[PDB]
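Beneath this line is the structure, given in structure tokens, with notes to follow.
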Amino acid sequence: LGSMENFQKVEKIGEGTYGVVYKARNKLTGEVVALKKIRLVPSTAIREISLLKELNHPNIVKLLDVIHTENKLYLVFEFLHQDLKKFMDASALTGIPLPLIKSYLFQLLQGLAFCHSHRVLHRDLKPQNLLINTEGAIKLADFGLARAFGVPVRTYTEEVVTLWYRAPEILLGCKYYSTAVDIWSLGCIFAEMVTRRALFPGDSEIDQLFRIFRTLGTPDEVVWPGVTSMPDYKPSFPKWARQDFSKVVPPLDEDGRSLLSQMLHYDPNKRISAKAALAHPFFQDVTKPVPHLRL
Ligand SMILES: CN1CCC(n2c(=O)c(C#N)cc3cnc(NC4CCN(S(C)(=O)=O)CC4)nc32)CC1
């Protein structure tokens, strides 16, 4: 008891399947933080979270402290004022300028290269989990654990975006998926920044799969060896032919289209790694612009 009395909740800024997130102020120190409340900790989670506390990087939202009290587990995070969804909405008539898209993509590939080099997966990359500040930085937020825990929040409202960034190996039942799942998600987000429309906006697992298939072609053993033995693969899947990326993310230039196509390879072993993507010619002229944020 009493270990949270040091935090004044200022406003609720998120509700997940398994947690709620507040903007909060430390009453002793005055720091403004994000507090995630999880209602009850498998020791396995105790150590997954402990390793995240050591996973410190300029493009990862810092986990400041973990506090266990009552029937609750509190995670204290660095606070940022806006996420990429809100910024993309505010930017929609114009679109985010390409140099800023490129900066954000580059930074997130750096953050991913870092956490992948430590065998840590995000697992749930999406615009609302990408937080931005006034200095042009963008940071990865709310890493997903390999197994959830806690009490589902009963007031949780379904979000349309939940499946839109899921890699095809996850949708097909892969149990031991790899860092490639994050590269897929980030490529979907890259496409969305460029076009101002979600790339694959499915509302069910099969709708998501079929939206991917209708654009990239139904995968087979030619392009994805082993796909036909995946747990949820069905020979009865419709066979759609691939479309050209030129139709998928116009008016993106060939350097960007090239990189995107490698981020969206079906085969997780052919999909580009974060480290390799950082060397892609798309980033030869990368800079760090500062966005105009209305806070
Ligand atoms: C949508 N959901 C809300 C919880 C969010 N979140 C975490 O999960 C988290 C962890 N761990 C740490 C966070 C730190 N800071 C902020 N700041 C918010 C960002 C968005 N904005 S906003 C709509 O653009 O105005 C308000 C300020 N959010 C965090 C992200 C996902």
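Note that we place each Cβ from the backbone using ideal geometry, even for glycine, and neighbour counts take in every protein chain shown. A short reminder: the numbers here are calculations on the coordinates, not readings from a lab.
Please list, by residue number, everything in the stretch 208-230 whose backbone N is under 11 Å from a paramagnetic label point 7 Å out along Cα→Cβ of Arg197.
Hits in the stretch 208-230 for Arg197 at 11 Å: none.
Output wanted: per-residue J couplings in Hz (rounded whole) for the stretch 218-231, from phi through Karplus 6.51 cos²θ - 1.76 cosθ + 1.60, θ = phi - 60°, x for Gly and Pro.
Rounded to whole hertz, the list is 5, x, 9, 5, 4, 8, 9, x, x, 4, 6, 9, 5, x.
Placing +1 at every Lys and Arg Cβ and -1 at every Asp and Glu Cβ, with all other atoms neutral, what dipole size does the stretch 66-114 have around its Cα centre, in debye to the nearest 20? Let's see the in-between values first.
On the way: 4 positive and 4 negative charges, 28 e Å.
Approximately 140 debye in magnitude.
Per DSSP helix of 4 or more residues, -39500 (n - 2.57); summed, then divided by the residues of the chain. What does that give at 222 nm, rounded to the nearest 500? Working shown, then result.
Details: 9 runs with 90 residues, N = 295.
It comes out at -9000 deg cm²/dmol, rounded to the nearest 500.
Of all trypsin sites (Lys or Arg not before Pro) in the stretch 201-295, which ones are in loop regions per DSSP and have a Cβ with at most 14 other Cβ atoms within 10 Å? Walk me through the intermediate numbers first.
Values: sites: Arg211, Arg214, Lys239, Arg242, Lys247, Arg257, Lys270, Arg271, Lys275, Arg294; in loops: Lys239, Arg242, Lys270, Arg271, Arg294.
Sparse-neighbourhood loop trypsin sites (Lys or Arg not before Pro): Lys239, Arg242, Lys270, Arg294.
How many nm separate the modelled label positions at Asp232 and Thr155, each set 7 Å beyond the Cα in the direction of the Cβ?
Those two pseudo-labels are separated by 3.0 nm.
So which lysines pass the test for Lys9, namely a Cα distance under 20 Å, with those fewer than 8 places away in the same chain ruled out?
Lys23, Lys27, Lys36, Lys37, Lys62, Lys72
Quick one: if the Förster radius is 22 Å, what FRET efficiency do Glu48 and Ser117 give, using the C-beta to C-beta distance and rounding to 0.05?
On the way: r = 17 Å, r/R0 = 0.78.
The computed FRET efficiency comes out at 0.80.
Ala146 label point, 7 Å along Cα→Cβ, cut-off 20 Å on backbone N: hits in the stretch 43-80?
Only 43-56 pass the distance filter.
Under 1.5 on a/c is rounded, so check that first for the stretch 82-283, then, if it is not, pick prolate when a/b is larger than b/c and oblate when it is not; a ≥ b ≥ c are the square roots of the alpha carbon gyration tensor eigenvalues. Walk me through the intermediate numbers first.
Numbers: a/c = 1.41, a/b = 1.17, b/c = 1.20.
Note, shape of the stretch 82-283 comes out rounded.
Under the classification rounded if a/c is under 1.5, otherwise prolate if a/b is larger than b/c and oblate if not, where does the stretch 7-78 fall, given a ≥ b ≥ c as square roots of the Cα gyration tensor eigenvalues?
Numbers: a/c = 1.60, a/b = 1.15, b/c = 1.38.
In terms of gyration-tensor shape, oblate.
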